[PDB]
Amino acid sequence: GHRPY
Amino acid sequence: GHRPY
Amino acid sequence: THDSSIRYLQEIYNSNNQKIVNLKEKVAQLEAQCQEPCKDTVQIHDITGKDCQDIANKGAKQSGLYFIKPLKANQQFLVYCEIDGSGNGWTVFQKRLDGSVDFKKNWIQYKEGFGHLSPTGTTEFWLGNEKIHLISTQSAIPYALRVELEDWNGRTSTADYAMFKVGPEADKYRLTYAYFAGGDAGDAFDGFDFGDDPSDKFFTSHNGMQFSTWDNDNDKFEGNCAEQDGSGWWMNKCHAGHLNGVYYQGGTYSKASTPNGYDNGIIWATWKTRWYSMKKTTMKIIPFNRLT
Amino acid sequence: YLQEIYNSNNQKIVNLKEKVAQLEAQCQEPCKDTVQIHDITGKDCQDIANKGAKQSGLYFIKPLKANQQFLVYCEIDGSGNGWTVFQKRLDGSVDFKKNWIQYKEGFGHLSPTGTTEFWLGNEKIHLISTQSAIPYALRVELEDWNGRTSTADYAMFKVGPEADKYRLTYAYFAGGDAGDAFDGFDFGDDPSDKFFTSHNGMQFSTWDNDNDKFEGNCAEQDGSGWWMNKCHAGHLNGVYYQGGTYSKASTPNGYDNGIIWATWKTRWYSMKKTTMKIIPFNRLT
Amino acid sequence: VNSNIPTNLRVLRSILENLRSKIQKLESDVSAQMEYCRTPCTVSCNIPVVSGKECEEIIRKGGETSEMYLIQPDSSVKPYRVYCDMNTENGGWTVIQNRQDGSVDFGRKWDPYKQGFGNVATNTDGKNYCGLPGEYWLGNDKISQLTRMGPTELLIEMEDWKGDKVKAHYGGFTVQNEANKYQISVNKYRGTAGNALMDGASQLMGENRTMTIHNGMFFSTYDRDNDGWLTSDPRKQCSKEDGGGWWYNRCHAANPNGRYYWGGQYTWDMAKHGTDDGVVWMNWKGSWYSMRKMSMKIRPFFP
Amino acid sequence: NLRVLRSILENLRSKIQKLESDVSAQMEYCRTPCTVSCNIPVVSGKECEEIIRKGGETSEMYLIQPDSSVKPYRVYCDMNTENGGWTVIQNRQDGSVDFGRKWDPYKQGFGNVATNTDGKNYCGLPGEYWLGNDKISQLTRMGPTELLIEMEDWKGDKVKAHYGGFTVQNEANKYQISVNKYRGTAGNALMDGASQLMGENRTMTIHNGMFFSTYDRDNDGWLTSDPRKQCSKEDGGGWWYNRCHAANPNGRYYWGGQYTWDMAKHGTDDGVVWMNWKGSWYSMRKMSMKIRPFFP
Amino acid sequence: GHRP
Amino acid sequence: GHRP
Amino acid sequence: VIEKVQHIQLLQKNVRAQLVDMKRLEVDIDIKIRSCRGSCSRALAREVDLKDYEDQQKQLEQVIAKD
Amino acid sequence: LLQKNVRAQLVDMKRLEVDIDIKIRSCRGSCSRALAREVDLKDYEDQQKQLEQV
Ligand SMILES: *[C@@H]1O[C@H](CO)[C@@H](O[C@@H]2O[C@H](CO)[C@@H](O)[C@H](O)[C@H]2NC(C)=O)[C@H](O)[C@H]1NC(C)=O
Ligand SMILES: CC(=O)N[C@@H]1[C@@H](O)[C@H](O)[C@@H](CO)O[C@H]1O
Ligand SMILES: *[C@@H]1O[C@H](CO)[C@@H](O)[C@H](O)[C@H]1NC(C)=O
Ligand SMILES: [Ca+2]
Ligand SMILES: [Ca+2]
Ligand SMILES: [Ca+2]
Ligand SMILES: [Ca+2]
Ligand SMILES: [Ca+2]
Ligand SMILES: [Ca+2]
Ligand SMILES: [Ca+2]
Ligand SMILES: [Ca+2]
């Protein structure tokens, strides 16, 4: 998926 | 020719 | 107080914790075991040449799959090579052994090739017409054609033809050979006298006939031979030798089993009745000087 | 004068009877024929050479399966090679528009000087070329109207029995600056040209025995006896044309009928001299 | 009045003793497989007489059936084996990647992904040729070279464990060489899956979505980090965390080369690193669903 | 007056200067032989009949081999006269050849089979000759053989004598002749003898059944002890003499046709005669004998 | 075969 | 030659 | 006297981690084995029991939430 | 009585001229050529005409 900042 | 007797 | 049991579990906890670590390593090893693909039994040989004889002359030993590239060939192509113990290398362009492959193909397919190539030579196929043209006429050296037949009784026979060559697609891949060179299978390309019309033998000979397929008619019939008999071949109204015909199990067949009533089986009139389809068939070529 | 002359001329008369008897003895022999046949005999001309014959000329040969000996012109080089010549062209002396039996039995004349045109019988050619195991070689020798000559050899040369219309076959072209015309020629009209003009494996044809690959009659049309295939690229038995160059306007049917060899000269160029001769193959290396 | 439920809170015993029992089973299975692996699987893929540059050219040459064929894209490259899908939408499709049973491991390094790996095809029942495609990755070098011969389209297909299927079409597809880290490029989308490669995850918003966009990304393997996840922590790399080699950004919306979870449904406490590392296509079923079938086919475009 | 018995002498003595000169001149030409160059036609066979059936259309000198045992020999083929296939056995047309010869020569054969045609490279002209008794015998016995005899006077007129049957036995049998099935315009001289003679005079000039005789081998039907009284010796050459003849194809070639007893060496009709057509004092301009396979 |  |  | 629960409550804190770790390994091995089918002549037919793990790890939280 | 000698030496000459004429012609087919010539029988007859009238 994604990796938040 | 012939030869008479 | 009570916990003579707390140690019990702590033991197991640490126990299987270490067990887990050991097991993951044993798993890492398995992973290395399962990285390779399955072994493909079919491999291609490294030697190459203009034809199979050329390959043979280069020390090639066993029969199998090799790439070859005739003089005029713009791209290399795969072919099955038959190399005997005597140093002879045959280039096989047609094969029949079971009914596995459908031979009712179109012009493009008989031109390009169809069926499969196996190292074990246990497979049916038709090397393209174009490849057969390119090999047989690649150079000055004349080729020889060998037709090998096998009935359903384990008996085999051959039919050799000298100066074998196939024309350009420009001339519909015409079949041409100088003369029949012998063999106990007989010269069926000379046509067969089936009795009927006195022009029998004339309209069932093949030498000099252009190739035909249902969609590309070049026979000497008013109808379409390839279309009726269901195959690709050098038809002549129509044939006496038809090795690309329908494969009949057991060989024996009749007009009642055929779709149009005519003999469309794999026949060789000069060896067996037209109602007897061969069990195996092989069409291979080799430089003529190699047979002498 | 009395009897002094009834004796003078009565004696003369006895000497005259004498010289006349001498004349008689000098007039018992036939004119001297310049053409003589040599004594040596064999299966072919090579066999005869192997027997010490030294010059080229007329000899009787008797192939194995032959029941009768026949005369042939042998060409013996100093090298010990003996060619059996079966065809010859050098001037338009002999007419080659012959029939089946004539091409079968042979025609023309045989000279010891090898200066005469001819066609050894088809049957003779068959008996020599196939007489035994040993294979033969055919050498086609040509010559233009400019003194230039060329050749073309064909290995394993053989002519079949009449039952198979004397079919011509050979294993492979063996080379020669004249080129392989028996392989056909690409005349450029239809892609099948080279095929329909090839001679290897062709049957013999004359106007009265059509065995060609043409719906019409090549031998009737081109006017010869030869191995037609709709029709030819090599026509050594064609019409002898003086000058070499000729046009379709001078031909009776519009097609080329001259003595051509397409791989050496245009089809509209008839050869000046032509020789067809065979020799056991092993004789060439 | 103090030890009311602790004599009971020794329930741990069964949990641990169970687990210890679980470990014995696991230890066993691994060995059994370890043994089965003394002898390898095999195939006997006899080669079709017809050949060509790619599958398109081959079907134009009469290659009607879908099976393994031999192609040679260029006269300088060695002829190699590939699976041709000659039935799906006009055929001429050259399979680049294929998933269908988990028979092959996709968590591989850079060299394997570069050379290619897996089984191209296997034998159909009796038949003497390999008509069934195996699980595999053609090879980045080959794929690049194939997409660069001319305009190339890309068809990606997938199916859930319930029978359903959707697809992703890209009229334009390109993969650069190794020197360019096999950078991907796609356009002209159409289909029923969802434009995951060009738009990112549809469930995500703003920069979250944009960071799962695949178009333009470089190729990454767990031993070669080229993702768009700029960080110095060696543990924080997309490939390592999500499974296989892919054009990871930060990280993905689609993960064709992820882990083959059976049944489809999986969770974070099932995943090695707790991330969505399955054969995922977020735009169709979210990240917690591993497809039953996933494939990537390529074919010359139009000119 | 009666002294003219003088002019006859200086006349004879002069005649002799003429003769001597002429003989001496011929003697000169005979220092160099005549020559021919007969290139051999390719086609061949057992005889001329087979040869014409093999394509040999032109009349000329061919090569034939009647039997696999005998060496192939040269003979002249007449492929024009009445359907061709004729093998010339004997021929007379100019007196270029001497026929007054012994047994061996008539046994072996003699003369010129053919000579060159103007410019041509082959001998399309027959010469004067006798094939040879051995060859002739063998030819006639290979099977039913017919015989055609042609002749022509010094005026252009010509007649023929056909014998559907003809046979010559070997040497042991003194080449005994036998003919039958006559038809023609010359007169059946061979089987009937001189038409002008009567009674036994005629029969004694019959040739059918006689033996061959040469001046050095007497086998004629003139049974006498006198050595000078033998048909061949007295009539010229070799022939199936009886006592003596009604026909004589191999006699002396008198130029002009007409001749007399005081001209003949022995006072007999030793010319190329065929009594039944022109009496015994006429020597034909042309005389030939050709053979050919019959019909059964 | 032959087609008449 | 040939027969067009 | 009370030096007990701090050990028990910490141990149960550790088991849940072994439980989660085990679920992962169960699944990791189930997937590693299957990747062997297309490599080894044979594949071990097996089965994962997620219901069981989730039942126990579910039951645990009930105990973990006492004090 | 020389008349019995000319009724011989004249006829003998008549036979000889003829013989030689035939003999000479027979060389036409053996030697380079045969002397072209003619025999005058008439003069011989006319010679025997007066020898006869007397
Ligand atoms: C992108 O996702 C992140 C989380 O995945 C969202 O940002 C916040 O991230 C922090 C930790 O980095 C969390 O504690 C917050 O709960 C997240 N916010 C919430 C409630 O979602 C962010 O909102 C997402 N981007 C957008 C604009 O949708
Ligand atoms: C039988 C008979 O009548 N004889 C006559 C006779 O006048 C003549 O002297 C004789 C010659 O021998 O032949 C006949 O002409
Ligand atoms: C045969 O010749 C004699 C000669 O003395 C003659 O008398 C006779 O008349 C002639 N023929 C016959 C027998 O009539
Ligand atoms: Ca018939
Ligand atoms: Ca047709
Ligand atoms: Ca052409
Ligand atoms: Ca014809
Ligand atoms: Ca791995
Ligand atoms: Ca990174
Ligand atoms: Ca004499
Ligand atoms: Ca006597």
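Residues numbered from 1 in each chain as written, not as in the entry; some residues may be left out. Chains lettered and ligands numbered in written order. Heavy atoms only, no water.

(A) A look at the overall build of chain C. When helices and strands are tallied, chain C shows five helices and 14 strands. Against the compact-globule benchmark of 19 Å for 292 residues, chain C has a radius of gyration of 28 Å, which places it well outside the compact range. Taking the principal axes of the C-alpha coordinates as reference, chain C spans close to 120 × 50 × 35 Å. Across the 292 residues that make up chain C, the buried fraction comes to 58%. A separation of at least 24 residues holds for 55% of the contacts in chain C among residues at least 6 apart in sequence. Summed over all atoms, the accessible surface of chain C reaches about 11800 Å², with 49% contributed by carbon and sulfur. (Helix = DSSP H or I, 4+ residues; strand = E, 2+ residues; numbered from the N terminus. Rg over C-alpha atoms; globule rule 2.2 N^0.38 Å. Buried < 20%, exposed > 50% of the residue type's maximum accessible area, 1.4 Å probe, protein only. Contact = heavy atoms within 4.5 Å. Areas by Shrake-Rupley, 256 points an atom, 1.4 Å probe, with all protein chains shown as cover.)

(B) Spatial organisation of empty space enclosed by the protein. Residues and elements named next belong to chain J. What the rule picks out here adds up to four cavities of 30 Å³ or more. Space inside the largest cavity adds up to approximately 110 Å³. When residues of the lining of the largest cavity are assigned to their parent elements, the largest contribution, three residues, is made by helix α2 (residues 11-25). Its residues assigned to classes, the lining of the largest cavity shows four nonpolar, seven polar and five charged. (1 Å grid on protein atoms, 1.4 Å probe; cavity = no way out; pocket = protein on both sides within 12 Å on 5 of 7 lines; lining within 4 Å. Points joined across faces, edges and corners; volume = space filled by probe spheres on them. Nonpolar A, V, L, I, M, F, W, Y, C, P; charged D, E, K, R; others polar.)

(C) How the structure looks around the site of ligand 1. Close contacts around ligand 1 come from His2 and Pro4 of chain A together with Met205 and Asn208 of chain E, and that covers them all. A distance of 2.4 Å separates an oxygen atom of ligand 1 from a polar atom in the side chain of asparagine 208 of chain E. Grouping the amino acids of the shell around ligand 1 by side-chain chemistry returns two nonpolar, two polar and no charged. (Near = heavy atom within 4 Å. Polar contact = N/O pair within 3.5 Å; in protein donor to acceptor, adjacent residues only side chain to side chain.)

(D) Main features of the domain arrangement of chain C. All names here are of chain C. For chain C, the domain assignment lists domain 1 (43-185 + 280-292) and domain 2 (186-279). Taking the mean C-alpha position of each, domain 1 and domain 2 sit 21 Å from one another. Across the contact, 42 residues belong to domain 1 and 41 residues belong to domain 2. Around 3400 Å² of area is buried between domain 1 and domain 2 when both sides are counted, 58% of it from carbon and sulfur atoms. Of all residues in domain 1, the largest losses of buried area upon contact with domain 2 belong to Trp107, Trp152 and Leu175, amounting jointly to 23% of the total for that side. Remark: the boundary between domain 1 and domain 2 carries one salt bridge. A salt bridge links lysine 272 to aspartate 151; its shortest N-O distance comes to 3.5 Å. Inspection of the domain 1/domain 2 interface yields 25 residue pairs in polar contact. Broken down by secondary-structure element, the contributors of at least two residues to the side of domain 1 that touches domain 2 are β5 (89-96), α3 (107-112), β8 (143-150), β9 (156-166), β10 (175-176) and β14 (280-287). The leading source of residues in the side of domain 1 that touches domain 2 is β9, at six residues. The residue makeup of the side of domain 1 that touches domain 2, split by class, is 18 nonpolar, 11 polar and 13 charged. (Domains from an automatic or database assignment. Buried area = accessible area lost by both parts, 1.4 Å probe. Salt bridge = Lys/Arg side-chain N within 4 Å of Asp/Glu carboxyl O.)

(E) Just the coordination of the calcium ion (ligand 6), in detail. Around the calcium ion (ligand 6), the donor atoms from the protein are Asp186 of chain D (OD) and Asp190 of chain D (O), and they sit 2.9 Å away. For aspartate 190 of chain D, a relative accessible area of 36% translates into the label partly exposed. (Donors = N, O, S within 2.8 Å, 3.2 Å for Na, K, Ca; no water.)

(F) Main features of the interface of chain I and chain E. Of the residues lining the interface, 38 residues belong to chain I; the matching set on chain E comes to 37 residues. Counting across the interface, chain I meets chain E through 14 residue pairs in polar contact. Going through the elements one at a time, α1 (5-34) and α2 (50-64) of chain I are the ones with two or more residues in the side of chain I that touches chain E. The greatest single-element share of the side of chain I that touches chain E, amounting to 19 residues, is contributed by α1 of chain I. Residue composition of the side of chain I that touches chain E, grouped by class: 18 nonpolar, nine polar and 11 charged.

(G) How the structure looks around the packing of helix α1 (residues 8-25) of chain D against helix α1 (residues 7-29) of chain F. Interhelical geometry of α1 of chain D versus α1 of chain F gives an angle of 20° and a closest axis separation of 10 Å. In terms of orientation, α1 of chain D lies roughly parallel with respect to α1 of chain F. Seen along the crossing, α1 of chain D lies across α1 of chain F with a hand that is left-handed. Along its contact with α1 of chain D, which presents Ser8, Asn9, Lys12, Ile13, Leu16, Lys19, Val20, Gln22 and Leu23 of chain D, the element α1 of chain F presents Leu9, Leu12, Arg13, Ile16, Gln17, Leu19, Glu20, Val23, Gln26 and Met27 of chain F. Split by residue class, the contact of α1 of chain D with α1 of chain F holds 10 nonpolar, five polar and four charged. (Axes fitted to C-alpha atoms, helices over the stretch in contact; angles between N-to-C directions. Parallel < 35°, antiparallel > 145°, perpendicular 65-115°, else oblique. Left-handed = near helix turned anticlockwise from the far one by under 90°.)

(H) Representation of the interface of chain E and chain C within the structure. With 42 residues of chain E at the interface, the matching set in chain C holds 47 residues. The contact between chain E and chain C buries some 3700 Å² in all, and 60% of this surface belongs to carbon and sulfur atoms. At the surface where chain E touches chain C, the tally comes to four salt bridges. The partner of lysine 61 of chain E in a salt bridge is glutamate 112 of chain C, with the nearest N and O atoms 3.7 Å apart. Where chain E packs against chain C, one counts 16 residue pairs in polar contact. Of all the elements in the fold, those that place two or more residues in the side of chain E that touches chain C are α1 (12-36), β1 (42-43), β2 (47-48) and β4 (67-71) of chain E. Broken down by element, the residue count for the side of chain E that touches chain C peaks at 13 residues, all from α1 of chain E. For the side of chain E that touches chain C, a count of residues per class yields 19 nonpolar, 11 polar and 12 charged. With two bridges connecting them, strand β6 (residues 113-117) of chain C and β2 of chain E associate as antiparallel partners. Opposite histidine 116 of chain C, over in β2 of chain E, you have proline 48 of chain E as the bridge partner. (Pairing = 2+ DSSP bridges.)

(I) Looking closely at the environment of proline 144 of chain F. Tracing the sequence through the fold places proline 144 of chain F in the loop between α4 (133-141) and β11 (145-152). When the C-alpha atoms of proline 144 of chain F and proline 296 of chain F are compared, they prove to be 7.0 Å apart, with 152 residues separating the residues in sequence.

(J) Structural context of the UniProt feature "binding site: Ca(2+)" in chain C. Under the UniProt annotation, the feature "binding site: Ca(2+)" is placed at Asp217, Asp219, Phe221 and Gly223 of chain C. Using a relative accessible area of 11% as the deciding quantity, one classes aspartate 219 of chain C as buried. Contacts of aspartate 219 of chain C, omitting those with residues within four sequence positions, involve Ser212, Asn224, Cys225, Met235 and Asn236 of chain C. Among the structural elements, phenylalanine 221 of chain C can be located in the loop between β11 (179-180) and α5 (225-229). In contact with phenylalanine 221 of chain C, other than residues within four places in its own chain, are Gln228, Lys237 and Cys238 of chain C together with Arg3 of chain G. (UniProt positions renumbered as here; feature names shortened; annotations may be inferred.)

(K) Structural detail: the state of the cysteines. Residues and elements named next belong to chain D. Following the criterion strictly, the structure yields 16 disulfides over all chains and no others. Between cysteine 45 and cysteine 74 runs a disulfide, and the two sulfur atoms are separated by 2.0 Å. On the sign convention where negative is left-handed, the bridge of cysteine 45 and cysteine 74, at about -85° about the S-S bond, is left-handed. In this pair, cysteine 45 sits in helix α2 (residues 45-49) while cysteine 74 sits in strand β4 (residues 70-76), placing the two residues 29 residues apart along the sequence. (Disulfide = S-S within 2.5 Å.)

(L) Examining the packing of aromatic side chains more closely. Counted according to the given criterion, the structure contains 82 aromatic pairs over all chains. Between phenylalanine 192 of chain C and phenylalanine 194 of chain C, the aromatic rings sit 4.9 Å apart at their centres with planes inclined by 50°, giving tilted as the arrangement. Looking at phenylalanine 192 of chain C, the relative accessible area reads 30%, which means it is partly exposed. According to the relative accessible area criterion, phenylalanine 194 of chain C is partly exposed, its value standing at 21%. Note on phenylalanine 195 of chain D and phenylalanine 196 of chain D: the rings are 4.6 Å apart at their centroids and 55° apart in plane angle, and the pair reads as tilted. Accessibility expressed as a relative area gives 15% for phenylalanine 196 of chain D, which makes it buried. Ring-pair connections join several aromatic residues into one group, and the members of that group are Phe93, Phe103, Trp107, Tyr110, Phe114, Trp126, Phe164, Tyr173, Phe211, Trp233 and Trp234 of chain C. Between the NZ or CZ atom of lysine 278 of chain F and the centre of the ring of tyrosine 282 of chain F, over which it lies, the distance is 5.4 Å. Note that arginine 285 of chain F overlies the ring of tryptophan 154 of chain F, its terminal NZ or CZ placed 5.9 Å from the centroid. (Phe/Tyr/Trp six-rings, centres within 6.5 Å; stacked < 30°, edge-to-face > 60°. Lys NZ or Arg CZ within 6 Å of the ring centre and 35° of its normal.)

(M) Inspection of the packing of α1 of chain E against α1 of chain I at higher detail. The geometry of α1 of chain E relative to α1 of chain I is characterised by a closest axis approach of 11 Å and an angle of 20° between their N-to-C directions. Viewed along their axes, α1 of chain E and α1 of chain I adopt a mutual orientation that is roughly parallel. Once α1 of chain E is placed against α1 of chain I, the crossing between them reads as left-handed. Contacts between α1 of chain E and α1 of chain I pair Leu12, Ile15, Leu16, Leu19, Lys22, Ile23, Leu26, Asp29, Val30 and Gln33 of chain E from the former with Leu11, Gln12, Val15, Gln18, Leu19, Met22, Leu25, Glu26, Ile29 and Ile33 of chain I from the latter.

(N) Up close: the UniProt feature "disulfide bond" in chain D. All names here are of chain D. UniProt pairs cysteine 45 with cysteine 74 in a disulfide, and the structure agrees, placing their sulfur atoms 2.0 Å apart, under the 2.5 Å limit. Taking relative accessible area as the criterion, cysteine 45 reaches 0% and is therefore assigned buried. Judged by its relative accessible area of 0%, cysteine 74 falls in the buried class. With its sulfur atoms placed 2.0 Å apart, the pair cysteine 218 and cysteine 231 listed by UniProt as a disulfide is counted as bonded here, the threshold being 2.5 Å. Here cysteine 231 lies in the loop between α5 (218-222) and β12 (273-280) and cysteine 218 lies in helix α5, a separation of 13 residues in the sequence. Accessibility classification places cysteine 218 together with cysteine 231 in one group, the buried group.

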